[PDB]
Amino acid sequence: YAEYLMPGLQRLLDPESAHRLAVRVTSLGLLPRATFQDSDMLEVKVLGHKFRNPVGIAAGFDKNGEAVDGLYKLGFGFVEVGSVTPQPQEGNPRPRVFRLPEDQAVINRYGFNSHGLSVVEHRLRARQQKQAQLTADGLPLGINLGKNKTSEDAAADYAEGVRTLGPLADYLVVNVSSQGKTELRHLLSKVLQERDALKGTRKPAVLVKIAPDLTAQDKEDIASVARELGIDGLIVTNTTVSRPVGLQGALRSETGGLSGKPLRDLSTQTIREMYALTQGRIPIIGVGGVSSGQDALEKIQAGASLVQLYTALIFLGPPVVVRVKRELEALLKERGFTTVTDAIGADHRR
Ligand SMILES: Cc1cc2nc3c(=O)[nH]c(=O)nc-3n(C[C@H](O)[C@H](O)[C@H](O)COP(=O)(O)O)c2cc1C
Ligand SMILES: O=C1C(=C2CCC(c3ccc(Cl)cc3)CC2)C(O)=C(O)c2ccccc21
Ligand SMILES: CCCCCCCCO[C@@H]1O[C@H](CO)[C@@H](O)[C@H](O)[C@H]1O
Ligand SMILES: O=C(O)c1cc(=O)[nH]c(=O)[nH]1
């Protein structure tokens, strides 16, 4: 009864309520488990790990690590636990989430509503053994670290997030996308330093997530600092504060970050630029408006080693995960790529 009923409920609910119900339904494992088997050609070895498939769920869906197993069960090659702030906080006042149906877009200004490190840490440790096996089987767990609203030292918040959740993550993410090149360098250096100070052999990779709203200078500074400090990767494109001419959703004037289709090509272009600026030496996780295997391939070809999607799940439902992987698989063969890895950065080989 999962499908059939869920599509209806979605239409009868405001976007935030629909979001919370989706997380619940997913954690309870009420959705059918994907039968699609990830072929060897979809495997990507990057960030010190193995990814059975290159399609993950972007940060922000499961902010509190409540539906991880259910997400892998849907077919995602990896999961990124939504932004986690040190202390719990409620985020911005409602309404803070809006659907733009006609544009297959969403606008949100959640404001980092989070359960906090203690809670998320408890949840993830309760399933650490299970995750250790999932990871070993090529299903990595990423954890996106955020900072509290009234926090003074952003770096201190991120570091606390590194010490607290780092032991449970395969990779960690720090947003600069939810000051000059100098403050960016110092903030990241402290994050990496905290990462290197973690106990154990398997040190999680550290990625920087950027918005698509960057000046020519911002892009060069990020590439330079990333290259200089030895950052492990870049997640390219959080939501955008721009509102493209031609948006038809009546709620387009609302403040917040725009995601979904309108962000698709802007995001890909940003991946192309960052890849070039870093000379293809820094793994990029492409994200933004991915709704088909075609969209994923465009991002991979522009420079992404892996991709993520979120908004498409909202307008196409859970079937979108397997659909993107299946199409991506057929498009790779059709275009002469024997494996996903061979397509990474393909547009840059000319
Ligand atoms: C409702 C909502 C909440 C989000 N929350 C987060 C978050 O907590 N942390 C983060 O790094 N990105 C967050 N994002 C951004 C997504 O991870 C992704 O970068 C962006 O939505 C573009 O992908 P998409 O077009 O496939 O949704 C959020 C996006 C949406 C739509
Ligand atoms: O997950 C959703 C959502 C959704 C409702 C339930 C859907 C669904 C549809 C069919 C099945 Cl079989 C399972 C889940 C998944 C998408 C929805 O409508 C939103 O508006 C939203 C806004 C922000 C963040 C997340 C979301
Ligand atoms: C037949 C199945 C009916 C399912 C009804 C789900 C109603 C969910 O309702 C939502 O719950 C959220 C918290 O859980 C609240 O924050 C939202 O304001 C509320 O609309
Ligand atoms: O919590 C949020 O508002 C948020 C964080 C982020 O990184 N991206 C986004 O679109 N929303």
# chains A, B, ... in the order shown; residues from 1 in each chain; ligands from 1
>>> select_by_dssp(residues="stretch 63-277 of chain A", states="strand (DSSP E)", output="PyMOL selection string")
chain A and resi 78-84+97-100+105-108+141-145+171-175+205-210+233-236+257-260
>>> residues_near_ligand(ligand="ligand 3", cutoff="7 Å", atoms="only C-alpha atoms and all ligand atoms", output="PyMOL selection string")
chain A and resi 9+13-14+16-17+20-21
>>> residues_around(residues="residue A:213", least_positions_apart="6", cutoff="10 Å", atoms="only C-alpha atoms", output="PyMOL selection string")
chain A and resi 177+219+237-242+266-267+270
>>> write_last_selection(atoms="N, CA, C and O atoms", output="PDB file, in the first residue's frame")
ATOM      1  N   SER A 177      28.203  27.169   1.565  1.00  0.00           N
ATOM      2  CA  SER A 177      27.084  27.380   0.642  1.00  0.00           C
ATOM      3  C   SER A 177      25.636  27.403   1.138  1.00  0.00           C
ATOM      4  O   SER A 177      24.745  27.742   0.356  1.00  0.00           O
ATOM      5  N   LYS A 219      35.278  31.376  -7.114  1.00  0.00           N
ATOM      6  CA  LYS A 219      35.598  30.080  -7.695  1.00  0.00           C
ATOM      7  C   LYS A 219      37.101  29.804  -7.741  1.00  0.00           C
ATOM      8  O   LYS A 219      37.538  28.685  -7.468  1.00  0.00           O
ATOM      9  N   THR A 237      27.457  22.456  -5.794  1.00  0.00           N
ATOM     10  CA  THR A 237      26.201  23.139  -5.750  1.00  0.00           C
ATOM     11  C   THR A 237      25.086  22.764  -4.820  1.00  0.00           C
ATOM     12  O   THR A 237      24.387  21.754  -4.948  1.00  0.00           O
ATOM     13  N   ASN A 238      24.967  23.662  -3.859  1.00  0.00           N
ATOM     14  CA  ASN A 238      23.945  23.654  -2.861  1.00  0.00           C
ATOM     15  C   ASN A 238      22.865  24.408  -3.652  1.00  0.00           C
ATOM     16  O   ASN A 238      22.997  24.582  -4.861  1.00  0.00           O
ATOM     17  N   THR A 239      21.823  24.884  -2.987  1.00  0.00           N
ATOM     18  CA  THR A 239      20.776  25.607  -3.699  1.00  0.00           C
ATOM     19  C   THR A 239      21.199  27.023  -4.101  1.00  0.00           C
ATOM     20  O   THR A 239      22.211  27.526  -3.622  1.00  0.00           O
ATOM     21  N   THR A 240      20.431  27.661  -4.986  1.00  0.00           N
ATOM     22  CA  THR A 240      20.742  29.022  -5.435  1.00  0.00           C
ATOM     23  C   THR A 240      19.711  30.060  -4.973  1.00  0.00           C
ATOM     24  O   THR A 240      18.515  29.761  -4.926  1.00  0.00           O
ATOM     25  N   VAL A 241      20.169  31.275  -4.647  1.00  0.00           N
ATOM     26  CA  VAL A 241      19.261  32.343  -4.224  1.00  0.00           C
ATOM     27  C   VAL A 241      18.715  33.103  -5.421  1.00  0.00           C
ATOM     28  O   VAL A 241      17.954  34.055  -5.256  1.00  0.00           O
ATOM     29  N   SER A 242      19.094  32.696  -6.625  1.00  0.00           N
ATOM     30  CA  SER A 242      18.600  33.379  -7.807  1.00  0.00           C
ATOM     31  C   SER A 242      17.252  32.806  -8.211  1.00  0.00           C
ATOM     32  O   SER A 242      16.897  31.686  -7.844  1.00  0.00           O
ATOM     33  N   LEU A 266      22.849  25.216 -14.439  1.00  0.00           N
ATOM     34  CA  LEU A 266      23.709  26.137 -13.694  1.00  0.00           C
ATOM     35  C   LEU A 266      24.711  25.292 -12.905  1.00  0.00           C
ATOM     36  O   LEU A 266      25.914  25.561 -12.885  1.00  0.00           O
ATOM     37  N   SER A 267      24.191  24.259 -12.259  1.00  0.00           N
ATOM     38  CA  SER A 267      24.998  23.344 -11.460  1.00  0.00           C
ATOM     39  C   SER A 267      26.088  22.638 -12.286  1.00  0.00           C
ATOM     40  O   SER A 267      27.247  22.551 -11.880  1.00  0.00           O
ATOM     41  N   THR A 270      28.882  24.863 -13.205  1.00  0.00           N
ATOM     42  CA  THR A 270      29.753  25.127 -12.060  1.00  0.00           C
ATOM     43  C   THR A 270      30.722  23.976 -11.857  1.00  0.00           C
ATOM     44  O   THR A 270      31.853  24.174 -11.393  1.00  0.00           O
TER      45      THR A 270
END
>>> residues_around(residues="stretch 286-300 of chain A", least_positions_apart="5", cutoff="7 Å", atoms="only C-alpha atoms", output="list in words")
residues 235, 236, 237, 259, 260, 261, 262, 263, 264, 267, 268, 271, 305, 306, 307, 308, 309, 312, 324, 325, 327, 328, 343, 344 and 345 of chain A
>>> residues_near_ligand(ligand="ligand 4", cutoff="10 Å", atoms="only C-alpha atoms and all ligand atoms", output="VMD selection string")
chain A and resid 58 to 61 63 82 to 85 90 to 92 96 to 97 106 to 114 144 to 146 174 to 178 209 to 211 237 to 241 256 to 259
>>> write_last_selection(atoms="C-alpha atoms", output="PDB file, in the first residue's frame")
ATOM      1  CA  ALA A  58      21.858  14.793  -1.181  1.00  0.00           C
ATOM      2  CA  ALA A  59      22.211  16.384   2.254  1.00  0.00           C
ATOM      3  CA  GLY A  60      18.985  17.801   3.631  1.00  0.00           C
ATOM      4  CA  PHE A  61      16.561  14.936   3.120  1.00  0.00           C
ATOM      5  CA  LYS A  63      19.054  15.729   8.352  1.00  0.00           C
ATOM      6  CA  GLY A  82      21.578  16.145   6.300  1.00  0.00           C
ATOM      7  CA  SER A  83      23.362  19.077   7.891  1.00  0.00           C
ATOM      8  CA  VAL A  84      23.936  18.447  11.587  1.00  0.00           C
ATOM      9  CA  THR A  85      24.491  21.396  13.943  1.00  0.00           C
ATOM     10  CA  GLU A  90      14.508  24.726  15.124  1.00  0.00           C
ATOM     11  CA  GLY A  91      15.654  26.747  12.127  1.00  0.00           C
ATOM     12  CA  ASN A  92      13.632  29.559  10.556  1.00  0.00           C
ATOM     13  CA  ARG A  96       9.959  27.760   5.046  1.00  0.00           C
ATOM     14  CA  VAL A  97       9.480  25.206   2.252  1.00  0.00           C
ATOM     15  CA  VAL A 106      11.510  23.729  -4.558  1.00  0.00           C
ATOM     16  CA  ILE A 107      12.527  26.755  -2.505  1.00  0.00           C
ATOM     17  CA  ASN A 108      13.574  26.295   1.089  1.00  0.00           C
ATOM     18  CA  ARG A 109      14.808  28.403   3.969  1.00  0.00           C
ATOM     19  CA  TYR A 110      14.774  25.710   6.633  1.00  0.00           C
ATOM     20  CA  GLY A 111      17.692  27.373   8.372  1.00  0.00           C
ATOM     21  CA  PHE A 112      19.470  24.215   9.531  1.00  0.00           C
ATOM     22  CA  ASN A 113      16.702  22.745  11.688  1.00  0.00           C
ATOM     23  CA  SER A 114      18.624  19.976  13.450  1.00  0.00           C
ATOM     24  CA  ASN A 144      27.367  16.985   6.389  1.00  0.00           C
ATOM     25  CA  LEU A 145      28.418  19.213   9.303  1.00  0.00           C
ATOM     26  CA  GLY A 146      26.710  22.531   9.929  1.00  0.00           C
ATOM     27  CA  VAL A 174      31.495  21.424   5.361  1.00  0.00           C
ATOM     28  CA  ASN A 175      29.282  24.001   3.654  1.00  0.00           C
ATOM     29  CA  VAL A 176      30.380  27.424   2.536  1.00  0.00           C
ATOM     30  CA  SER A 177      27.084  27.380   0.642  1.00  0.00           C
ATOM     31  CA  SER A 178      23.998  27.011   2.896  1.00  0.00           C
ATOM     32  CA  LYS A 209      30.171  22.031  -0.483  1.00  0.00           C
ATOM     33  CA  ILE A 210      29.698  25.207  -2.461  1.00  0.00           C
ATOM     34  CA  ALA A 211      26.752  27.199  -3.748  1.00  0.00           C
ATOM     35  CA  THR A 237      26.201  23.139  -5.750  1.00  0.00           C
ATOM     36  CA  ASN A 238      23.945  23.654  -2.861  1.00  0.00           C
ATOM     37  CA  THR A 239      20.776  25.607  -3.699  1.00  0.00           C
ATOM     38  CA  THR A 240      20.742  29.022  -5.435  1.00  0.00           C
ATOM     39  CA  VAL A 241      19.261  32.343  -4.224  1.00  0.00           C
ATOM     40  CA  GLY A 256      15.541  30.875   0.300  1.00  0.00           C
ATOM     41  CA  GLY A 257      17.424  28.364  -1.808  1.00  0.00           C
ATOM     42  CA  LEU A 258      16.067  27.122  -5.148  1.00  0.00           C
ATOM     43  CA  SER A 259      16.582  23.474  -6.130  1.00  0.00           C
TER      44      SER A 259
END
>>> closest_atom_pairs(of="stretch 107-213 of chain A", to="stretch 33-53 of chain A", cutoff="7 Å", atoms="only C-alpha atoms", output="CSV")
residue,atom,partner,partner_atom,distance
A:138,CA,A:51,CA,4.6
A:139,CA,A:51,CA,5.7
A:140,CA,A:51,CA,6.6
A:205,CA,A:47,CA,5.9
>>> residues_near_ligand(ligand="ligand 2", cutoff="8 Å", atoms="only C-alpha atoms and all ligand atoms", output="NGL selection string")
:A and (2-11 or 13-23 or 25-26 or 31-32 or 60-61 or 97-99 or 106 or 108 or 310-311 or 313-319)
>>> closest_residue(among="A:218, A:347, A:102, A:265", to="ligand 1", atoms="only C-alpha atoms and all ligand atoms")
A:265
>>> closest_residue(among="A:277, A:124, A:192, A:184", to="residue A:165", atoms="only C-alpha atoms")
A:124
>>> closest_residue(among="A:252, A:29, A:348, A:231", to="residue A:279", atoms="only C-alpha atoms")
A:348
>>> closest_residue(among="A:120, A:331, A:156, A:57", to="ligand 1", atoms="only C-alpha atoms and all ligand atoms")
A:57
>>> atom_distance(atom1="atom CA of residue A:276", atom2="atom 9 (N, counted along the ligand's line) of ligand 1")
25.1 Å
>>> closest_residue(among="A:215, A:253, A:135, A:341", to="residue A:170", atoms="only C-alpha atoms")
A:135
>>> select_by_dssp(residues="stretch 206-244 of chain A", states="helix (DSSP H, G or I)", output="PyMOL selection string")
chain A and resi 216-229
>>> closest_residue(among="A:136, A:320, A:154, A:229", to="ligand 1", atoms="only C-alpha atoms and all ligand atoms")
A:320
